Each structure stands twice: as C-alpha cells, then as structure tokens.
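*Asks:* Just the structure for this:
(one chain, ligands or ions: 2)
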Amino acid sequence: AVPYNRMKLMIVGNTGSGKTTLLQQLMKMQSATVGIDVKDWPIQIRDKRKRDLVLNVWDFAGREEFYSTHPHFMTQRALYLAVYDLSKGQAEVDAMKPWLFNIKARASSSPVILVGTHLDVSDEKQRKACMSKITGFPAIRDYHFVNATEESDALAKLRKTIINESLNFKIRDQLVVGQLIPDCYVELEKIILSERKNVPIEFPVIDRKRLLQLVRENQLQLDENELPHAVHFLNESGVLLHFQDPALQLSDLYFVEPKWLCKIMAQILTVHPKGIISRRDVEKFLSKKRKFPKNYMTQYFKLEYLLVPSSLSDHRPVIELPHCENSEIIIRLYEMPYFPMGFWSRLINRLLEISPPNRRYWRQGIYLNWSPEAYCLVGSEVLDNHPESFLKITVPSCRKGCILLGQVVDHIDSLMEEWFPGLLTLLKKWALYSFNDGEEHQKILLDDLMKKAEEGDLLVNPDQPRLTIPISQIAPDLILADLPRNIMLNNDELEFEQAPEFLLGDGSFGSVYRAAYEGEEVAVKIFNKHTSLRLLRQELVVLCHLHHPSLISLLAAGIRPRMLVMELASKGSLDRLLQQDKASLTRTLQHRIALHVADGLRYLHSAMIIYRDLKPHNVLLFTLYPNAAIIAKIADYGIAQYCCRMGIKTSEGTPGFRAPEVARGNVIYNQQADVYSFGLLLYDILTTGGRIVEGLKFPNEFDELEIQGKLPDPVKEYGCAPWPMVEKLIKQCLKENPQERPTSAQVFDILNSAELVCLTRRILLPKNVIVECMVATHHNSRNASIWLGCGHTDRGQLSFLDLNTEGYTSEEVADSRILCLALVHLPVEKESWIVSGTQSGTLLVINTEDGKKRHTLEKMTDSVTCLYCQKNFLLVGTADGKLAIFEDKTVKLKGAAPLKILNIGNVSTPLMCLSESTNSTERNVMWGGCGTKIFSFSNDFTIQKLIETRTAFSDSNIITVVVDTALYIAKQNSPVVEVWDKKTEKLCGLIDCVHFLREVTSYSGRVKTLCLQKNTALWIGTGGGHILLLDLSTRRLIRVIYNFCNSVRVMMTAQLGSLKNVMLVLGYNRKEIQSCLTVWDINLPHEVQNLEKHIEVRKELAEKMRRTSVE
Ligand SMILES: CCNc1nc(Nc2cc(F)c(C(=O)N3CCOCC3)cc2OC)ncc1C(F)(F)F
Ligand SMILES: Nc1nc2c(ncn2[C@@H]2O[C@H](COP(=O)(O)OP(=O)(O)O)[C@@H](O)[C@H]2O)c(=O)[nH]1
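*Replies:* Numbers count the residues shown, from 1 in each chain. Ligands and ions are numbered 1, 2, ... in the order given. Structure data below:
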C-alpha cells in the first residue's frame, strides 16, 4: 500500500498555436514536432504534505496529416489541455472545435482545461462570448487566456487544478494520486526504468518470459494473477504500453519505451498517387533482431507494397462525373457534426474491396469506376453554407449503381456500428430527390422516406400530385430493390398464418412460422413490430450473396410485412433433438453435424464474415439418415458482421456460448474468437447436451464457463463414451490465448479424417513397462479384460488390463521372459483358462476365476515360440519346430503331454506363425512355417505341403501367415510381403511396402505385424509406425495411418461389450518407452471410402452453387 503520484498530461496543440512554445515557457530550434514528443515535468506544490506531482507530458503534434494515428494514444486518466491562437479570431476556436469533439468521445471522464495563446495580438472581447457559449462538447472547466512567451500568466493554476484533481478527478470515485497501490507495483516500475536502459536502443520491447523471470528474480513478491492487472495499471499511468487486443495479436510483446512508438508514424511518413510505395525494406536497415524491427510484428501496426492514408493529397482530384442529371443519378447524404479522427482511414481501408477498376482515392474520398455503367463517388462535400459536414455517395440510377449503393451503405453503417458508436442522434441521413429534372436537389431524411415508402412505393409530390417519382430510383436501400431479381416476394403465391399452432422456433429478434410457398413447405421469418430495417439488411447481406451447401438458403424477401422466406428444416434444431431423441445420435451423425458446421464456418470466415452466435439452437438438421450429403445447415445470421483483419469491437453473444474475450468487451477480437463457440458446440454434441440443461439452472452459472472457464472432463462426469481423437480438439480449441486456437480451416481439416470417426479408445500403460504378446478374452461377456505378457524385467510378469476401468493390475507369476499366450474357453465345466509360453520353455497355466490354480504343464524340450487355441486343440510351437499337440481335457492335469510331437524341423528352424482360415471353416487347412520354409497340415497331423522359401531380404525366417484365398508371408526386416497361392504353390505377388510408404516419406519400412479382415482388407502393421490399410481386392491402397505411434508391436481383432469389430493395436513410443494401446473400429476401410465419396460429393455441390451464383 504505497502512495503513487504521477498523472499524465495531453496538450493537444494545433499547428502554429505554439503548444511546444507554451510547454517550454511553462516547464522552465522549435521548428516543428513530427508526431508526439513525450517529456516529464517534475514539480513540488506549495503545500508541505503535497504529494510529489510529476506530469508525464505529451506534446501532441497538430498538423492534420498526423491526425489518423492520434486517437490510439489519447486514453483516460489524463488532463487534456487545448491551444488555439487568438490572432485568427472567432475562426480559430471553430477550427479547434473538432479536437474538443474528438476528446468528447475518446475519453469523456477526463477533465479538460482550455487555454488561448499569444494574447499580445489578441482581441479577447469577441472570442470570449463564443468561448463561454462552448461550455457534445465536454466539461471545459476554466478558460485561461494567457500570454505568448513572457512570465505574466497564472497558468501554473494547472498544478493547482491537478492537485485538486488529485482527488476531485475520480476514476470510479478514487484518487489519481492517492491509490494505495502495493509496493510490488512500484518495484515493477522501478525495474522497468532500468529495463528501458538495458533494452536495445532502436528496438524497445520485452517478451513475457523475461518479465516473468525478473518478477521473481529481484524479490518483488508479485503474483502472476495480479500481474496483468499490474500491467494495466502501469499502462494507465503510462510508463509502458501493452496491447491486450487479440486481433492485433501483440498480447505477447511488452513495450517499455513509449517515447518510441509515437515517432513510428513520423519515420514511416518519409520512408503516381500517394498510398503507393515500395515494400517495407527499411525493416532490416536497423538493429532489428528479426525480419522487422524489434520483432516480426511491426507490419501488424493498425495505426508488401505500401499504402498509407496520412500522406494522401488533400485536394479533390480532377475527376468528373461521367453523367450529370438529376434523373440519372442517385445521391445519398450523411449529416455529421464532426468527422471523428481516423474516419477516412478506416473508410478507405474498408472500401479497398473490389468484389461487389481505376481508382482515385484522396484523403477524404474513395472513388471506384468500373465503367460508365457504375461508379461510386464516396466523398466529403462541406459546401452547403452550413457548419456541419456531409458525407455524400453518388451513383448512377441503373441497377448496377443500385447494387453498389446498397453495399456501400451497409459497409459504412458497419464501420459506424463497430468502430464509431458515439455517432449513432448526431448522425442524420438524407436522400436527394427531384421531380422535374434540372431543378436543384431536395432532401428528405431517411426515417421518414422509409415510412412513406412502406405505405406505398409511388412517392407523391406533396404540392401537386401530377408528379410521381418511384422510391426505387431515389432510395433503393429501403424497398429492397438492390437485390438479385431471383429472390423477391410474390405475396399472391404465399399463404402463411400467424396463428399460435403453426409456430416453430423463436430466434431472438424474430419468429419463424411454417407456411407454403409455390406448393412446398417453407419457414416464413416475419420480424417483430419493434425491429429496424437495419437488421433486415444485416441478414440480407449474408443470405443473398453467399451460397454454400451447409448454410441456410433464401427463397424470397420483401419489405411489405418484412419477412424472409427460408427453406424448412424438417428434422428440427440440434437442441430439440439433443433433449428428446437422445439415442438417435450415433458416432457417425455426431461427426457429420460437426463437419458440416465446420465447413460452414470455413466458408463464412473465407468471406470476411464472423458468425458470433454459434449456439446449439442454430444448427438445423434436415435428415437424421447418417449417410447423406447435406445433414446440418446453419441459420439465424442476425448479428453476423463483416470482419477484416482489423477486428470487431462490439460484444454480442448468448451467455455461455461466447469466447472469453467477447465477455470482457474492452478488447477487440477477430475471426478466431468464433472457433471457441464451435468448440463449445462440439462439447455440447459430445456429451448429448447435458451442459445445456445444467447451465439452464442459473444464468450466472451459465455465463461463468465463458469467464472462469472451469470445464469438467467430459468423459469422466457426463458419462459419454470416450472419443480420444476429438478430445484433442475440445482441449485445444478452448484455450485462453486466441493465437493458439486452430484456425477454422485447420479444424475442418482435423475433422475430415476417417481416423477420428474411428479411434475409439486409447490407453497408455505405466511408464517403462512394455508388452510383447497380447490375448483378448473369448468370453466377451464377463467384462472387458485383456491379459498382457510383460517383457521389461528379466523375470516374467502377467499383467491384466481391464479395458473399461483402465486399471493396470499387473502380477509376477513367471520366472523367465514371456513370449506367447493363449486363452482356452470351454463352457464345459466352466473352464476358462489362460496358458503361456515362456522363453525358458515352460507352459504355465492360470485360471481366470481361481487365484491359485497353477497347473504347470510338462515343459517342452526347448523354448516356446507360439500357441493356438469345435476343435479345442492346443498346438505349441517350440524354437526347434517340434510342434506339440496338447488337449483341453488336460486343463486340470498338472503336467502332461497328451499327444505326440510332430517334429518338422531342428533347433536352427524357429516355428511361430501358426494360423487358421475363415474359408469353409475346416481347420484342416491350417498353415504356418518352420524356419525359412512354409508348410501346412490337417487334423490327420500330416505335412500335406512343405514349400521352402530359400529363394537380399529373401533369406529370412517366417513371422506371420494369413489364409483367406492365398498366402501372405512376412519375414524379418522385409520391405516386401511374399504372396503365394495355395493351389499352384508358386509365388505370385510381391506387395512392396516401402513403395507405398514413398508417398508419405536406409528405410525403416519393416513389417512387424499383419492381420486380415474377413473379406474386405488387410491391416499390415509396419515397425515404423504405419498401418497399411491395403485393399484385399487386387492392389488398391485405402489409406496409410500414422502420427500416433513409433513402432507397432502386435495387432489383432477382438470384441468389446458383447459387440465384435474392434482392432487392438500395441505400439512403442521410442530410452523412454510409453507402451500404447489403441483400439480401432474395423469399419475403417469402408469408412475411408464412404467419407471420401461424401466429401467429394458436397465439394461438387459447393462448386455448382458458387459458380452458378456468379450469373
Ligand atoms: C431457429 C429454428 N428455425 C427453423 N426451424 C425449422 N424447423 C423446426 C425446428 C424445430 F425446433 C422444430 C421442433 O422440434 N419444435 C418443437 C416444439 O417447439 C418448437 C418446434 C421443428 C421444426 O420443423 C418441423 N426450420 C427452419 C428454420 C429457419 F428459421 F431456419 F428457417
Ligand atoms: N504566432 C506565434 N507563433 C509562435 C510564437 N512562438 C512560437 N510560435 C510558433 O509555434 C510553433 C510551435 O507549435 P507546435 O505546437 O509545436 O506546432 P506543431 O509542431 O505543428 O505541432 C513554433 O514552430 C513557432 O514557430 C508566438 O509568439 N506567436
């Protein structure tokens, strides 16, 4: 709680007025001030206990050219002077009036002194009357007309004033110098002083990390929670500058020397018509520790062939209207008292769109000429013999000019709705009509012409009814004549009813009743009585130009009852289907309704439009049939506003579905503040809308989640089944730093995957415990438990992961490394038993239910390499290839050998690829291999086929075999898989692995696992971490799957929750190993096709719509 006494002064001094001269004479070569020039000014008041008053003084430059960049520095908590000469007379105060008017809106809680200058040649008696009449214009406390350069002025009353304002001037009833601010704040300021000396001279900036390091490094005791509050406070007193604005993206940097930013305009001013200059090559001529000075972020200065408005000429150029007649041209008018500082800059910027041409943009008017058919001379014409100012648009009275005027007036009214609120009141529109051509123009304000037209669009001369002028060619914005002629109401062919029964939703400003239009069914959106035409145009700027097959469409629009006919969504909104038909949302439809909305948002954000209102009641469905082309459109663009790279300043949003910065409306967000609403939609789709009704209880609890943002784990509490690939969106596109969210194209891309609609679970075993052999549970009904054979320790462990609970309940039952496992499921006597094959060569046996039933079978001659489980025959393969046959009747027997060894090889030949077939169900076609030699056998235990494979990678032993109609053979470190036919016993195909991997990439394209789906496709798992979804048919590649693992160890097919079709996968993360277990849904090969055909369908739809729309 330390005292802090340092206020800021802003002498806004016009040119020639001697603001610098008065400051110099007050604070005890003066060519001009090129921009702001900040100084300090210490003083000690006469009172003994008077706080040390030091005024951070800004000697604001006053040439008109600089004005466009001024308002961004005029902030609150500052006493604005004003300086106008008196040798000019009553004209000088009139010329100073715009400055006071601009102060009146940029900061109106700031006291304003007002001081003349150069009283040596003044006539005070005249100007005193109008100066008193000045006291809309803010609280000009006290005029203090004073001398020029000598010392005969009591203007030091400023000090007096401010020390009164030390407690009179009250930001929220506080004291500007008496704020009991913590000592950590002042310590931050103290270290900022030295940081300004340490920071590069021509590159003043510090990052966040350095600030966070020095906070604790110098024992400040400052917490990270109040740290942004501390930054904001110091920015208020003006010792540093920080731009929280997400649209600017400069939230990372911190500016320590505010004396530098003020002069960047001056420097860049003097780095063919102006506003055209070469690339900003001067960005590297300085220190510039980046590819720009002080960071790469200079070019984001909202104050590359260059355009700058400040240096634009101030004379109306030599441009003549192609036509001249009262009948042939419309002219709109806006009556405004004072052009806000920085208007024409924003206007030129916004009107540098060329998609609604020889230009001629001067400092106070754009000009856009396509041809003698259509031009739009937006320009300032104060020549009215009146004090106020007129902004006038001029267009030719043909339909092309109407389509131009009706868009220019929307863009101007969006400028004046987002950036300049104070004007709208002061703003007063006008339309210029004339009955008999040649006579002068007669004006009528717009609020009256709108009603005169609503009554009837045949505007009558009040003097004599013999003259008639249609409201079309005088003001076609009001009667909706500037619209493509395909969309126009035809009320004869419309039969709506406003009755209660025929009602649908009620989306905020309006209602939507169903009706008939041409014979089909439609959704007539008649507006309320208290609704302005501006909202109609705000929706008809989006609904009549953009065409996309995931956005709602317009069938008509008319001004008589002010409706908007739109196509009907038969199946209902997303909310009314996420509260009733809960069980109709499968895992496919839940992804289609999130892909179509993402595509809609992509097309929106690609036309410079922000939606801002992505609720779950503005996602309409058309057909719940999971496999279609147009499932989910978007509707209710009631507050959708244009959004360039500059950003938006208003704050509209339904409480609970807003970005974190939208709620704190002080900052200016951008298009990427919408992806948060989409993430919230995705969180409300994943959990079947539980959050909706939970937020319905309390509006404060509904809005805290967009302010506090403590969202639960959706899989834990709400009960939803795990979707472990979309939970990487919901946990990514819900962040707090807007720069770190995925862009809309990048969240459409992540959602345009067949993996996401598949990876169905994902488990990570504990740190550095590894699996080498997996076996599922054949019961599939007791629970979802999958025993795993560990291999990390020298001894052998037998873990048992339980899939639904994720509890790794390992155990140590083996002495040596565990190599193979198998589950014998005999309903006879309820004998479900798991046996294993150790690297030592013993067949350990364990019962699932019995905690201790270790009936260790008679150990084989050598180690164990594989095992296989109607026919309940156990076929054990040793490293010698001495295949053994046990039996299921000896499950209780503790050590035995039921049948004889069918030895087919020696110790040199390792035998582990045993497999059966799904063709004809006859186990007699069991295949396999002993060493570098394939073989088969049957129940007769005879070798009915031995096919040696001795014919660089062609000299390796066998690993896996699968048999549906041919043979597939993998061998150790083989980029190929040697195919064989079971009829000719000859090698037919050679499916090269790395050849296929060449599209995604001493190549580690190994083959460490292999599986074969029933009759659809292969799953070839590569030791490099890829899953080759090879098509079984002839050669086609469905998809290669990667970027989730580093080495796939084992793969197999299992069953979960009494339903089949899951594909377990056990993978390495390569000495730190994180053994991972994905569980795919084996519908994946048919999915990659169905999804790709769907996408390719609607992309054709989107192109047929957009291309034809140009006509
Ligand atoms: C904001 C909703 N607007 C629309 N809504 C619809 N369709 C429906 C919306 C619904 F919600 C329900 C519904 O389930 N209801 C239950 C009772 O309460 C409301 C009606 C039924 C719909 O069509 C049959 N079509 C077009 C529109 C658009 F405005 F976009 F044109
Ligand atoms: N009329 C008049 N002008 C003065 C007097 N003393 C200084 N000036 C002018 O006032 C100017 C300073 O005005 P300033 O606010 O810095 O103008 P800016 O640089 O364009 O913003 C100097 O350039 C002087 O030429 C004076 O006694 N009478």
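*Asks:* can I see the domain layout of this protein?
*Replies:* As given by automatic domain parsing, the domain ranges for the chain are 6-165, 183-271+274-300, 329-445, 491-567, 572-751.
*Asks:* how much distance is there from the third one to the middle of the chain?
*Replies:* Per C-alpha atoms, centre = their mean, to the nearest Å, the displacement of domain 329-445 from the mean C-alpha position of its chain is 34 Å.
*Asks:* can I get the domains of the chain in CSV with mean neighbour count and distance to residue 1107?
*Replies:* Heads up, the C-betas are built off the backbone N, CA and C, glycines and all. Putting the domains of the chain into CSV (neighbours: other C-beta atoms under 10 Å; distance: least, C-beta to C-beta, whole Å) gives the following:
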stretch, mean neighbour count, distance to residue 1107
domain 6-165, 17, 40
domain 183-271+274-300, 16, 33
domain 329-445, 17, 15
domain 491-567, 17, 10
domain 572-751, 19, 14
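*Asks:* Save these as CSV, and put in distance to ligand 2 too.
*Replies:* What follows is these, written out as CSV (distance: least, C-beta to the nearest ligand atom, whole Å):
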stretch, distance to ligand 2
domain 6-165, 3
domain 183-271+274-300, 11
domain 329-445, 15
domain 491-567, 40
domain 572-751, 28
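*Asks:* Figure out which of the ones you listed is closest to residue 1106.
*Replies:* Between residue 1106 and the domains of the chain, the shortest gap by C-beta to C-beta is with domain 491-567, which sits at 5.9 Å.
*Asks:* Which residue does the stretch 851-1000 of the chain have closest to ligand 2?
*Replies:* Across the stretch 851-1000 of the chain, no residue is closer to ligand 2 than residue 1000, which sits at 62.9 Å (C-beta to the nearest ligand atom).
*Asks:* Leaving out the residues flanking it, which one is nearest to that residue?
*Replies:* Leaving aside its chain neighbours, residue 1000 sits nearest to residue 1040 (5.7 Å; criterion: C-beta to C-beta, 6 or more residues apart in numbering).
*Asks:* and the longest helix seen in the chain, which residues are buried?
*Replies:* In the chain, with assignment by DSSP state H, the single longest helix is helix 1084-1109. By neighbour count on 16 or more other C-beta atoms under 10 Å, the buried set for helix 1084-1109 is 1084-1085, 1087-1088, 1090-1091, 1094, 1098, 1102.
*Asks:* ok so the residue nearest to residue 1000 is a helix residue?
*Replies:* No - read with DSSP: H, G, I helix; E, B strand; the rest coil, residue 1040 is strand and lies in no helix.
*Asks:* thinking again about what came up before, and the longest helix of the chain, how far out from the chain middle?
*Replies:* Using C-alpha atoms, centre = their mean, the offset of helix 1084-1109 from its chain centre is 23 Å.
*Asks:* got it, and stretch 1018-1025?
*Replies:* What separates the centre of stretch 1018-1025 from the centre of its chain is 34 Å, taken as C-alpha atoms, centre = their mean.
*Asks:* Name the residues that touch that stretch?
*Replies:* The contact list for stretch 1018-1025 (C-beta atoms under 8 Å, 6 or more residues apart in numbering) reads 968, 977, 993, 997, 1004-1013, 1027-1032, 1042, 1044-1048, 1051, 1063, 1065, 1067.
*Asks:* Surely residue 674 is in contact with residue 744?
*Replies:* Yes - contact criterion C-beta atoms under 8 Å: residue 674 and residue 744 qualify, at 7.3 Å.
*Asks:* okay, and the common contacts of these two?
*Replies:* With C-beta under 8 Å, 6+ apart as the test, residue 674 and residue 744 both reach 601, 605.
*Asks:* Tell me the spatial nearest neighbour of the residue lying farthest from the centre of the chain, not counting adjacent residues.
*Replies:* Using C-alpha atoms, centre = their mean, the residue of the chain lying farthest from its centre is residue 900. It sits 67.9 Å away. Excluding the flanking residues, the one nearest residue 900 by C-beta to C-beta, 6+ apart is residue 885, at 7.4 Å.
*Asks:* Just give the number of residues close to that neighbour.
*Replies:* By other C-beta atoms under 10 Å, 15 other residues sit near residue 885.
*Asks:* wait, it sits on residue 914?
*Replies:* No - Residue 885 lies out of contact with residue 914 (C-beta under 8 Å); the separation is 11.7 Å.
*Asks:* intersection of neighbour lists for these two?
*Replies:* With C-beta under 8 Å, 6+ apart, residue 885 and residue 914 have common neighbours residue 875.
*Asks:* about what we covered before: please list only the buried members of the contacts of stretch 1018-1025.
*Replies:* Applying 16+ other C-beta under 10 Å to the contacts of stretch 1018-1025 flags 968, 977, 993, 997, 1005-1013, 1027-1032, 1044-1045, 1047-1048, 1051, 1063, 1065, 1067 as buried.
*Asks:* Mind checking which of these are in strands?
*Replies:* 968, 977, 1009-1012, 1027-1030, 1047-1048, 1051, 1063, 1065, 1067 (DSSP state E).
*Asks:* what about the residue nearest to residue 1000, distance to residue 1028?
*Replies:* Using C-beta to C-beta, to the nearest Å, we find residue 1040 at a distance of 6 Å from residue 1028.
*Asks:* what touches both of these two?
*Replies:* Residues touching both residue 1040 and residue 1028 by C-beta under 8 Å, 6+ apart: residue 996.
*Asks:* any idea where the helices of the stretch 301-450 of the chain begin and end?
*Replies:* Along the stretch 301-450 of the chain, the segments classed as helices by DSSP state H, counting those that start in this stretch run 343-350, 399-418, 446-455.
*Asks:* Could you say which one of those comes nearest to residue 1076?
*Replies:* Closest approach to residue 1076 among those is made by helix 399-418 (48.5 Å; C-beta to C-beta).
*Asks:* contact partners of that closest one?
*Replies:* Contacts for helix 399-418 (C-beta under 8 Å, 6+ apart): 329-330, 332, 334, 346-347, 350-351, 353, 356, 368, 373-376, 378, 391, 393, 395, 423-424, 427, 472, 476-477, 481-483, 534, 537-538, 541, 641-642, 648-650.
*Asks:* quick revisit: may I see the domains of the chain arranged in JSON lines, with distance to residue 817 as well?
*Replies:* Output for the domains of the chain, formatted as JSON lines (distance: least, C-beta to C-beta, whole Å):
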{"stretch": "domain 6-165", "distance to residue 817": "70"}
{"stretch": "domain 183-271+274-300", "distance to residue 817": "48"}
{"stretch": "domain 329-445", "distance to residue 817": "69"}
{"stretch": "domain 491-567", "distance to residue 817": "55"}
{"stretch": "domain 572-751", "distance to residue 817": "31"}
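*Asks:* what's the longest helix of the chain packed up against?
*Replies:* strand 1026-1030, strand 1037-1041 (3 or more C-beta pairs under 8 Å, 6 or more residues apart in numbering; DSSP states H and E).
*Asks:* Try it again at 10 Å.
*Replies:* Packed against helix 1084-1109, as judged by 3 or more C-beta pairs under 10 Å, 6 or more residues apart in numbering; DSSP states H and E, are the following elements: helix 589-605, strand 1018-1022, strand 1026-1030, strand 1037-1041.
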